[PDB]
Amino acid sequence: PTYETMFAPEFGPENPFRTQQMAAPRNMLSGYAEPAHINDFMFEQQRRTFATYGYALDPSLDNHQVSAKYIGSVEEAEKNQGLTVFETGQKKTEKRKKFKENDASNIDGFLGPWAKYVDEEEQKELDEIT
Amino acid sequence: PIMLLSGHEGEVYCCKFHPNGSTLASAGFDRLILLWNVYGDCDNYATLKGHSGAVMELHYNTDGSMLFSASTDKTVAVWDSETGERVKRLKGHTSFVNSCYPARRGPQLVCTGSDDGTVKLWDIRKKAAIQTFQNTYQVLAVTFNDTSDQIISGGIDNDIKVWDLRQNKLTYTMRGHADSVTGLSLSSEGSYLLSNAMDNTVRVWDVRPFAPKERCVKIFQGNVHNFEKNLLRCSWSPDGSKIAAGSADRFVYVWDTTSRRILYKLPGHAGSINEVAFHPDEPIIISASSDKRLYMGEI
Amino acid sequence: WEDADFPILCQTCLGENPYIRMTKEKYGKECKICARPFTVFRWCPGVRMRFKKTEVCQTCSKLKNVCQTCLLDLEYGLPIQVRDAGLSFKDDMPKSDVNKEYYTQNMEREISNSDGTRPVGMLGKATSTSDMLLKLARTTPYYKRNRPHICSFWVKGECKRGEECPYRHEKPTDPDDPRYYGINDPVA
Amino acid sequence: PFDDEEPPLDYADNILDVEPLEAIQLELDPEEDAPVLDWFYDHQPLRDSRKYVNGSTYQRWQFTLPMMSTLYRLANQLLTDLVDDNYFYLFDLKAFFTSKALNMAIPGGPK
Amino acid sequence: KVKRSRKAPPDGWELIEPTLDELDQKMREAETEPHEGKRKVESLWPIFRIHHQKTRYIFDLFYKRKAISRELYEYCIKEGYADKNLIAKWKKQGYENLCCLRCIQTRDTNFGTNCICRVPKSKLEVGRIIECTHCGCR
Amino acid sequence: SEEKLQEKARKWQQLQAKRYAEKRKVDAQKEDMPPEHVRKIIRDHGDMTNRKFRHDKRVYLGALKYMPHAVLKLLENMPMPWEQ
Amino acid sequence: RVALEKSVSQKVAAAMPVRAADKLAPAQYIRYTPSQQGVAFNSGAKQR
Amino acid sequence: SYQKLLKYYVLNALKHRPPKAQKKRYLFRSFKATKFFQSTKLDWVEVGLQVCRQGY
RNA sequence: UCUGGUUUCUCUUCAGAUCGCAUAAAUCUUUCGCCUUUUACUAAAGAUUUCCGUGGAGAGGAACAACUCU
RNA sequence: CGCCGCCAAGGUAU
Ligand SMILES: [Mg+2]
Ligand SMILES: [Zn+2]
Ligand SMILES: [Zn+2]
Ligand SMILES: [Zn+2]
Ligand SMILES: [Zn+2]
Ligand SMILES: [Zn+2]
Ligand SMILES: [Zn+2]
């Protein structure tokens with residue numbers, strides 16, 4: 001194998017007779033798909049990171065050949081200085097105090113993990129629709 | 001020519017060059033070990049199969065007949081480079097094997113280290129551990145001196161430890177890293193050992209019968225570690241003039257072992273680089289990374 | 001009768017997350033047009049979004065370059081009727097059940113087992129495009145397709161769950177403006 | 001015991017608190033059935049005891065001689081006093097095979 | 001009631017008898033009612049909740065308070081007033097505010113993971129009142 | 001460069017404290033529950049004359065095939081008259 | 001022979017599959033490039 | 001009745017062929033790994049009335 | 001002074017032992033006996049399986065694992 | 001010396 005053989009570009013005007021979608025490489029009619037063996041833990045960790053705060057690193061191999069940036073919501077990455085969901089943060093802000101009753105002796109008063117929180121004109125239009 | 005190789009479906013964690021410079025070996029998260037022609041058209045031939053965990057580290061013995069493979073499945077496999085047949089499974093550790101090294105010269109020896117905090121010496125003929133060194137913190141990188149008397153271990157205590165095979169005692173400790181050590185490698189002379197650590201410091205340590213006693217021989221900079229927590233490995237050039245170490249910032253860093261100037265910073269990779277290797281005769285650099293592609297830089 | 005490995009999945013149904021987990025089956029649901037046993041796949045696009053499992057099969061998506069679950073085109077992000085009205089060639093397909101439907105469907109599946117890469121009749125006329133359909137080609141589309149459908153007991157005021165009801169709330173729908181060829185009311 | 005169009009007694013609110021009356025429960029006297037007195041009426045005879053039984057999957061057992069002699073004494077009225085295989089003359093399996101093959105029978109045997 | 005152990009159990013059972021009798025009566029009241037209003041599984045939540053509070057009452061009766069003996073503790077485990085494998089899960093270090101045993105079964109979930117009930121709320125997103133469909137709440 | 005030199009180490013030994021710590025080399029970990037679960041399920045279902053449980057009743061017909069596999073194991077474990 | 005053997009093995013594990021077969025070990029990921037639309041669609045979706 | 005149980009016992013002892021089955025399975029361990037089957041410890045009459053209820 | 005492990009739960013193939021100190025059904029190919037045609041059948045042989053269970057072996061845990069066999 | 005113990009399709013059309 002030689003890097004020069006795969007690195008050698010195709011001589012041509014890119015053939016703009018096709019569109020941008022059909023001239024793109026594929027194997028299925030929708031994108032080039034191939035299986036791999038990525039670790040599960042960091043995968044699910046950055047998945048939960050993007051699910052909570054909306055930033056994660058960008059996985060590929062041959063898009064730009066230099067890529068170490070963050071994607072999604074950009075400013076919240078540098079706002080939190082790149083923390084994860086499994087790490088104890090630098091502060092404990094906007095924390096939400098519940099009440100507990102874990103004696104397991106009283107009747108109709110035991111509220112542990114099944115506890116409700118301390119906090120607990122449209123009908124005319126909905127009648128006119130139905 | 002640059003030469004771009006592809007094949008690995010998952011992240012590549014390691015690659016090595018055959019001792020005679022005729023072929024390459026590479027492996028990673030997929031669990032497959034690929035062999036490559038160094039010259040010709042850079043063709044790919046045998047695939048070694050049988051590891052259930054990911055391949056953490058490949059090595060060749062000095063003869064280039066035996067290929068060792070440390071896996072996350074707690075087993076270190078011994079492979080025949082000639083046929084591609086498996087020889088032995090070193091079953092032993094209770095947790096992931098992080099790394100392995102094979103003693104050159106002296107009768108065949110193998111060292112392993114894992115997350116169970118132990119370091120084990122294996123004789124390929126016994127199917128059992130010879131010595132066990134309980135540390136207490138996870139062990140990440142291990143190498144033998146050329147006299148086959150000492151074991152050099154890097155863990156997460158920021159302190160490289162040296163073990164005496166006869167006394168079975170903690171002979172030496174090296175201070176000088178602020179964070180976990182991810183990769184150790186001896187010079188071809190046995191003279192110097194190269195270390196990578198999270199603190200982004202590449203440090204050369206000199207191991208000798210007569211030592212200054214404060215063996216921070218040299219320090220180099222530029223190599224960045226980040227949130228990916230990839231093991232980072234570094235290598236000595238065939239003549240000990242160049243030092244290469246991969247980084248997480250997509251650049252291959254090559255330094256001048258004397259002046260400490262950065263000779264090369266190379267791009268081309270999209271992701272973090274996990275290992276850089278030097279061809280034994282010619283100025284060729286094999287760069288392996290998490291973008292699942294390899295390059296053959298020529299200097 | 002049908003096995004698959006991966007569906008078409010245009011970008012507006014994948015979600016805003018590049019990291020999604022997906023479960024699969026071997027023989028799942030029937031298609032709502034021709035009742036073919038495809039493989040339904042299930043995933044979670046977003047944290048405030050429904051699952052949007054699978055609408056149609058792979059073969060009927062391979063006829064007209066249609067995505068998998070919301071029945072839009074992959075090449076633009078438009079319906080089928082706008083596409084073959086802009087190109088003026090319909091590539092006809094029957095309406096009944098056993099008259100001519102599954103006959104030509106099984107034959108067009110039989111002749112397309114080799115490629116699996118391009119549609120059967122649109123390969124020659126998707127090239128002369130980007131003139132009349134590029135004017136309405138929405139980039140970064142609205143994610144309101146991915147939000148869950150409306151629930152009951154908030155219309156009648158009976159919902160005991162309150163805020164933890166996962167579907168939607170305070171959305172009064174309108175009974176004035178809501179299949180495969182025709183007719184579609186907001187598209188007119 | 002119960003008529004048609006009747007649900008099967010709905011065991012949530014019928015006899016959940018009702019104790020059973022009495023089993024057979026033969027009264028074993030001490031000083032003759034003393035090793036077997038504590039466990040002869042138990043659904044697991046020996047389970048949580050590594051001296052006599054294997055374990056919880058209840059596989060292999062080892063007893064002692066007075067405990068088994070009490071078992072042999074309680075196992076009368078259905079066990080023969082026959083010790084050797086001499087009462088089974090022409091009652092053996094092979095003699096019955098011969099009687100099957102030879103179109104004949106033993107008086108008191110099969111046909 | 002069914003005792004199934006012919007024991008005439010020792011001290012102290014007379015001081016836990018009306019309390020556990022009231023918990024059994026409330027468990028019968030949580031078992032008896034129909035499933036109108038309660039959707040599919042939230043009629044099955046309070047029987048899990050009352051078994052959890054009964055096992056927690058025996059749990060902090062023996063381990064925390066050290067008042068009841070070990071023989072009657074094993075008796076209450078063997079009869080059915082407490083569990084044997086669940087208290088071994090409560091014995092572990094990282095968790096004792098557990099809901100029930102349906103969040104630990106990693107193959108009960110088809111995605112090969114644990115539920116969202118066994119997640120710390122301080123690392124989870126800020127306002128969502130999510131409840132387990134197997135266990136009931138968190 | 002001022003606090004990042006220990007923050008990257010915090011991230012590294014926080015990720016490696018759960019990377020291989022839970023024995024990546026629970027598989028047989030389902031056990032008993034309260035017995036008042038099956039009773040509540042079947043008292044909810046009953047004779048299946050409701051429209052709420054119509055997704056499950058076909059599954060009941062799917063339990064038709066393996067019924068003698070239950071009746072056989074039932075009649076294998078009948079209580080003896082010395083038991084209660 | 002190995003072609004018809006794997007065919008008849010899939011047939012026997014399809015015609016008569018009733019007796020105690022494990023499902024699969026689905027620990028594999030799949031990486032499919034969004035090479036149809038993405039220039040600003042889900043900004044940063046490069047191989048997904 | 002004596003001679004007909006002798007007949008049946010000899011017919012059972014004569015066709016006593018060895019169990020030439022190659023593989024073994026259980027069909028309960030394969031149910032238990034599925035998320036839809038669960039193990040609990042109940043009373044006997046509840047199990048009997050349950051299976052006749054389900055059979056109806 | 002060093003050597004240092006019984007149960008329980010999950011995969012892993014081999015079974016040649018009354019695999020089980022006992023013994024069910026079905027299929028085929030034949031002989032019969034009731035029989036009108038057939039499924040339900042009768043009861044003997046030959047040869048296959050299915051099914052309720054069992055035997056020894058590789059690992060991963062947990063259960064007093066530190067009582068202590070050595 | 002002591003066989004034997006019975007259901008249904010075959011009919012009040014589709
Ligand atoms: Mg006829
Ligand atoms: Zn279809
Ligand atoms: Zn779609
Ligand atoms: Zn609602
Ligand atoms: Zn819980
Ligand atoms: Zn719970
Ligand atoms: Zn939960």
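Residues numbered from 1 in each chain as written, not as in the entry; some residues may be left out. Chains lettered and ligands numbered in written order. Part of a larger assembly, values for the part shown. Heavy atoms only, no water. Residues with missing side-chain atoms left out of burial classes, pairs and counts.

Structure determination for the deposited model, as stated in its record, used cryo-EM, and the stated resolution is 4.5 Å.

**Student:** Go over the overall build of chain E with me, naming the residues and quoting the values.
**Tutor:** Looking only at helices and strands, chain E features four helices and zero strands. Expressed along its principal axes, the backbone C-alpha trace of chain E runs to roughly 50 × 40 × 25 Å. (Helix = DSSP H or I, 4+ residues; strand = E, 2+ residues; numbered from the N terminus.)

**Student:** An account of the overall build of chain C is needed here, citing residue identities and associated values.
**Tutor:** Counting its regular elements, chain C contains four helices and two strands. The order of α-helices and β-strands along chain C, N terminus first, is α-β-β-α-α-α. Considering only C-alpha atoms, chain C reaches an extent of 55 × 40 × 35 Å along its principal axes.

**Student:** Quick one: what's the story with the sheet that holds strand β7 (residues 66–71) of chain B, residue by residue and with numbers?
**Tutor:** All names here are of chain B. Read across the sheet, four strands follow the order β6-β7-β8-β9 without closing on themselves; strand pairing throughout is antiparallel. In this open sheet, the two edge strands, each paired with only one partner strand, are β6 (55–60) and β9 (86–91). In this sheet, neighbouring strand axes are inclined to one another by 20° on average, regardless of whether the strands run parallel or antiparallel. Alignment of β6 against β7, held across five bridges, turns out to be antiparallel. Looking across to β7, one finds that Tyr60 is bridged to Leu67. (Pairing = 2+ DSSP bridges. Axes fitted to C-alpha atoms, helices over the stretch in contact; angles between N-to-C directions.)

**Student:** Quick one: what's the story with the UniProt feature "zinc finger region: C3H1-type" in chain C, residue by residue and with numbers?
**Tutor:** UniProt tags residues 145–172 of chain C as "zinc finger region: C3H1-type". Between the C-alpha atoms that bound residues 145–172 of chain C there is a distance of 16 Å. The span itself is 0% helix and 0% strand. (UniProt positions renumbered as here; feature names shortened; annotations may be inferred.)

**Student:** Quick rundown of the arrangement of the chains? Include the residues and the values.
**Tutor:** In this assembly, 14 pairs of chains are in contact, and the pair contributing the most contacts is chains A and B. Across all C-alpha pairs, the smallest distance from chain C to chain D is 29 Å, and the two are not in contact. The two units chain B and chain E never meet; even their closest C-alpha atoms stay 18 Å apart. (Contact = heavy atoms within 4.5 Å.)

**Student:** Please provide a residue-by-residue account of the environment of B:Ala70, values included.
**Tutor:** All names here are of chain B. By the secondary structure assignment, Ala70 is in strand β7. Along the sequence, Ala70 and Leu90 sit 20 residues apart, while their C-alpha atoms lie 9.3 Å from each other. Not counting residues up to four positions away in its chain, the partners in contact with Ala70 are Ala54, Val55, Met56, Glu57, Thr75, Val76, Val97, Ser99 and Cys100.

**Student:** Before we move on, could you go through the interface of chain B and chain A and cite the residues and values that matter?
**Tutor:** Of the residues lining the interface, 19 residues belong to chain B; the matching set on chain A comes to 14 residues. In terms of residue class, the side of chain B that touches chain A is made up of eight nonpolar, five polar and six charged. (Nonpolar A, V, L, I, M, F, W, Y, C, P; charged D, E, K, R; others polar.)

**Student:** Can you explain unusual backbone geometry? Please cite residues and give values.
**Tutor:** With an omega dihedral of 0°, the bond running from C:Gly182 to C:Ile183 counts as a cis peptide bond. Topologically, C:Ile183 is positioned in the segment after α4 (101–110). Within the chain, D:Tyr58 stands out as a residue other than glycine whose phi angle is a positive 65°. Its location among the elements puts D:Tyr58 in the segment before α1 (65–74). The backbone phi angle of H:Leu27 is positive, close to 70°, even though this residue is not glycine. Following the sequence through the fold, H:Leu27 ends up in the loop between α1 (2–14) and α2 (29–32).

**Student:** Which residues make up the pairing of strand β2 (residues 12–17) of chain B, and what are the values?
**Tutor:** Residue and element names in this part refer to chain B. With five bridges joining them, β2 and strand β3 (residues 23–28) adopt antiparallel strand pairing. Of the residues in β3, the one forming a bridge with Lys16 is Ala25. Hairpin geometry of β2 and β3 is characterised by an intervening segment of five residues between the two adjacent antiparallel strands and by a positive phi of about 75° at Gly21.

**Student:** Account for the pairing of strand β26 (residues 273–278) of chain B, with residues named and values stated.
**Tutor:** Residue and element names in this part refer to chain B. The pairing of β26 with strand β27 (residues 284–289) spans five bridges and is classified as antiparallel. Paired with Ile273 across the bridge in β27 is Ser289. Between β26 and β27, which pair antiparallel one after the other, the connecting turn spans five residues.

**Student:** Any chance you could break down the sheet that holds strand β5 (residues 44–48) of chain B for me, citing the residues and the numbers?
**Tutor:** As a general point, the strands of a sheet are linked pairwise by backbone hydrogen bonds and lie either parallel or antiparallel. All names here are of chain B. Strands sit in the order β2-β3-β4-β5 across an open sheet of four strands; the sheet is antiparallel. Two strands bound the open sheet, and with one partner strand each, they are β2 and β5. In this sheet, neighbouring strand axes are inclined to one another by 20° on average, regardless of whether the strands run parallel or antiparallel.

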